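In: My sequence and its experimental structure, below.
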Amino acid sequence: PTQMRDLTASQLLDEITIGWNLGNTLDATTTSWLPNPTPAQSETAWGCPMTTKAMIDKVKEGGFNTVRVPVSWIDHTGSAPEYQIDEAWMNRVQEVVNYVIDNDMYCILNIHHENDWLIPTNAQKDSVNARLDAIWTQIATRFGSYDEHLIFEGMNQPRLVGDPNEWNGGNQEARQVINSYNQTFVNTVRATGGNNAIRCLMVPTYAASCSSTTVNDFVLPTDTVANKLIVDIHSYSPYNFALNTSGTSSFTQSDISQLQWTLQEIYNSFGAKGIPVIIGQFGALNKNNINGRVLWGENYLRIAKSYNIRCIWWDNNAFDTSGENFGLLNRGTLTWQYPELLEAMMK
Ligand code: NA
């Protein structure tokens, strides 16, 4: 176990500058077509090249001092009830985490696309809580020796898949059950002891969404140490410009006003109430609209800083694919594909 400062979440978040997601990488799943992938088969399954320290070096040089490492464990988790995590996968995750930690950066490690089993209903609650404890015990034990620069995030976007309001707050039952899942995660990490007793921990709302219904029903977990919990909100806003592939590519003054209200709501919901909050995912799709995204990006970061809210770009290394093109660092050439946009978010 390494020497660790006893920092509050607010103090830790003030040392972050801006963050970068290693997207569509260790979070890639193959569930429907390749059971039991080896670590490399998963990491490359969605088209990204295998990750290198040189990549993270470049992220740091670009002005980011924090990397979120989204990790999907489902394809690497054994049968119930032991839910043994494949040793080779745990080893590879640790290698990538070390690319960040060895760069003196902050690192956020989570569980990501677990929705096949992580279902927020009363019927599933006991079974899901049992598996959360099984896997977070393994993960927290492997990484317990790390200092304050490593943050555990208990879940990504827990939600009611298939429900008419899946992406609209679900139902009250789902929002309340997610409170139990967040509490189990905190309980499981703290029980491993050591540095994990005072590590900062991140928890999402329903779908990591900030809205009246997800905020109203949210219950901050009870903890065994003071001021170590952080809420993660994902906010690809304004929606029509930043997230909707069939929405406008123009960014207007009205969009600036909407962004002001949206990020203000994140602050008023959590930071204004003594709950530290981070925007763990944000971005704007490539719509062949560099001038629009530059104006969007300058205003997003300006407003975020005015509420002291840190932001983490979702970088999925996709530029002109058939899908969501949120790439920023071209991993194939180790070059920034849209340097104007990087500068807009670093100024
Ligand atoms: Na599995």
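Out: Good, I have the coordinates. Numbers count the residues shown, from 1 in each chain.
In: list the contacts for the nearest residue to residue 242 once chain neighbours are set aside?
Out: Counting by CB to CB, 6 or more residues apart in numbering, residue 242 lies nearest to residue 284, which is 4.0 Å off, once chain neighbours are set aside. All C-beta atoms are positioned from the backbone trio N, CA, C, and that covers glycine. By CB atoms under 8 Å, 6 or more residues apart in numbering, residue 284 lies in contact with 236, 241, 242, 243, 293, 296, 297, 326.
In: cutoff 7 Å now
Out: 241, 242, 293, 296 (CB atoms under 7 Å, 6 or more residues apart in numbering).
In: Let me know whether the third one touches residue 342 as I believe.
Out: The one in question is residue 293. No. Residue 293 is beyond contact range of residue 342, at 10.8 Å (criterion: CB atoms under 7 Å).
In: ok, back up a step: list only those of the contacts of residue 284 flagged as buried.
Out: For the contacts of residue 284, a burial check counting by 16 or more other CB atoms under 10 Å picks out 241, 242, 293, 296.
In: how close does the last one get to residue 338?
Out: What it means is residue 296. 12 Å (CB to CB, to the nearest Å).
In: Is residue 37 in a helix, a strand, or coil?
Out: coil (DSSP: H, G, I helix; E, B strand; the rest coil).
In: sorry, back to before: gap between the residue nearest to residue 242 and residue 313?
Out: Counting by CB to CB, the gap from residue 284 to residue 313 is 10 Å.
In: go on, residue 300?
Out: Distance from residue 300 to residue 313, by CB to CB: 10 Å.
In: Which neighbours do those two have in common?
Out: Contacts common to residue 300 and residue 313, judged by CB under 7 Å, 6+ apart, are residue 282.
In: Turn the buried ones among the contacts of residue 284 into a markdown table, including secondary structure and distance to residue 265.
Out: As requested, the buried ones among the contacts of residue 284 are arranged in a markdown table below (DSSP: H, G, I helix; E, B strand; the rest coil; distance: CB to CB, whole Å):
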| residue | secondary structure | distance to residue 265 |
| --- | --- | --- |
| 241 | helix | 18 |
| 242 | helix | 16 |
| 293 | helix | 23 |
| 296 | helix | 18 |
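In: Show me which residues of stretch 304-313 are buried.
Out: Those would be 304, 309, 310, 311, 312, 313, for stretch 304-313 by 16+ other CB under 10 Å.
In: The fifth one: what's it in contact with?
Out: Each residue near residue 312 by CB under 7 Å, 6+ apart is listed here: 19, 20, 21, 66, 68, 278, 279, 280, 281.
In: mind listing the helices for this structure?
Out: 9-15, 39-43, 53-61, 87-101, 122-142, 172-191, 212-216, 239-242, 253-269, 290-306, 339-346 (DSSP state H).
In: Give me whichever of these is most buried.
Out: Comparing these by mean neighbour count (mean count of other CB atoms under 10 Å), helix 172-191 ranks first with a mean of 20.
In: Show me what it is packed against.
Out: helix 122-142, strand 201-204 (3 or more CB pairs under 7 Å, 6 or more residues apart in numbering; DSSP states H and E).
In: now that helix, how far from the centre of its chain.
Out: Distance, stretch centre to chain centre, for helix 172-191: 17 Å (CA atoms, centre = their mean, to the nearest Å).
In: Could you do stretch 113-127 as well?
Out: 19 Å.
In: Now do that stretch: everything it contacts.
Out: Counting by CB under 7 Å, 6+ apart, 27, 29, 31, 72-74, 128, 131, 155, 158-161, 170, 173-174, 177-178, 180 sit against stretch 113-127.
In: measure that stretch end to end?
Out: Start and end residues of stretch 113-127 are separated by 17 Å (CA to CA, to the nearest Å).
In: Repeat that for stretch 59-67.
Out: Termini of stretch 59-67 sit 8 Å apart (CA to CA).
In: quick one: contacts of that stretch?
Out: With CB under 7 Å, 6+ apart as the criterion, stretch 59-67 contacts 16-20, 22, 56, 100, 103, 105-107, 312, 329, 336, 342, 346.
In: rerun at 8 Å
Out: So stretch 59-67 is contacted by 15-22, 56, 100, 103, 105-108, 310, 312-313, 329, 336, 342, 346 (CB under 8 Å, 6+ apart).
In: Please tell me how far residue 259 sits from residue 240.
Out: In terms of CB to CB, residue 259 sits 12 Å off from residue 240.
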